[PDB]
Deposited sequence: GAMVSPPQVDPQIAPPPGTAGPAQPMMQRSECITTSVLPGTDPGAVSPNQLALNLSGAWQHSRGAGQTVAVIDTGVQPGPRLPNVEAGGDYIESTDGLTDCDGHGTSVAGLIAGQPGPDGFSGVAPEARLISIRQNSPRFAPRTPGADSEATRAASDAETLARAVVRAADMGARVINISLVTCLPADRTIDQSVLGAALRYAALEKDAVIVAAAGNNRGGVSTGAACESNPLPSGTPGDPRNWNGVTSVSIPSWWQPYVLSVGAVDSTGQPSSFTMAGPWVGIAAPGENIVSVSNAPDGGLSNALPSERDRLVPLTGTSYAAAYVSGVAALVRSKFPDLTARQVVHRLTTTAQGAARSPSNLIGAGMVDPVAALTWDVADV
């Protein structure tokens, strides 16, 4: 197991939308809800950890377009700033979210302030929603439904969606969904690699991906740095590949921290992790018809649980990237990634396989010389 490398003979795919085969909805749609006993309208400690108040004195993300490659984004009063980017599941415009996830992610990135303590990181940014996946759907033809087959199908649409996002003018491309494969069964991803390279270099997009959560295949943390000469981050020891995070250097892979900046218990360790952001007790926008604030989803036997995960951490980082690109519009994607990582809270330590350079620091990123 070694860091992946593009095959220069393999072209990026087209950005055509649509599923590879017809899909059918297998599970009822879900909306995010308010967890009883909470006050979602209070300013989240996650915002305070990031000092978004301080950041907004430098930038609110004006002029930036962020693509949300996710489960769709439901427009509403807190998300009036969402553009259709299409659908790889059905034939919608990307503005239907049957899962809640894309909406929560979009809200963190560029949700609007309102009559409460909630705001997106970059509320003056514009969003493009591309629905690239949904676990509520499966192929209409009930064929092989294996981890391998699902993962390959997911990579195939992800690569197209990345090209589509870049070609639609996205400056930041957010990939909060994660697919993992065991290392002994990771197949050629040359097309996905080609797509990510196209978007990151030729189209100069900052691509941000969630690192994954422990427990395709179930994601599992990889062994930590082990002092191997020439392999300080322990690529050699990887057993569980997080996609597209492992596609360094094109993708900034984001781990989750608690509100104090410590690695979240569930954050997936890997040698690709570059940075972190808050991933616990998330409050964002709902895909329910009112489009208000939510902070929970149903778990077993329909009991509500908080929103947690690296998906939300990635979203925060995408929002911060939009702030940085608005303030410094001439920086390349590589320069923007360098700025984010070199100013993160743990940048002066060797990178962590849990949190990379540590929790993103928006004000530091916006003021560093």
query: Deposited-sequence segments unaccounted for in the coordinates; finding: 1-3, 219-223, 378-381
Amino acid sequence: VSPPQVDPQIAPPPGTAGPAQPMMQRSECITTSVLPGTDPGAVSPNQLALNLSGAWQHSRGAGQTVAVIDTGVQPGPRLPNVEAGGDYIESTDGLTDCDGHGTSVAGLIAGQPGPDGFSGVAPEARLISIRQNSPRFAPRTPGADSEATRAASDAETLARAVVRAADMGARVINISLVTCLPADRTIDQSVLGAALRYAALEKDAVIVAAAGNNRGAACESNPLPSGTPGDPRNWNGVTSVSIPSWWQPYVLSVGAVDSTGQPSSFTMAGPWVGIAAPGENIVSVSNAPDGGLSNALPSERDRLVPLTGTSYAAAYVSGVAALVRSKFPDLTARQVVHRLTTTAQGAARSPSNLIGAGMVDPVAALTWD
From here on, numbers count along this sequence of modelled residues.
| property | result |
| --- | --- |
| Of 19-27 and 355-363, the stretch whose C-alpha atoms average the higher B-factor in the entry | 19-27 |
| Greater mean Cα temperature factor according to the PDB record, 283-291 or 195-203 | 283-291 |
| Criterion, highest CA B-factor; candidates, 169, 249, 142, 75 | 142 |
| Of the residues 253, 186, 103, 239, the one carrying the largest Cα B-factor as recorded | 186 |
| Modelled-residue ranking by C-alpha temperature factor, third containing residue 215 | highest |
| Among modelled residues of the same chain, the CA temperature factor third for residue 319 | lowest |
| Ranked C-alpha temperature factor of residue 121 among modelled chain residues, by third | lowest |
| Ranked C-alpha temperature factor of residue 131 among modelled chain residues, by third | lowest |
| Residue 344 - Cα temperature factor, lowest/middle/highest third of chain | middle |
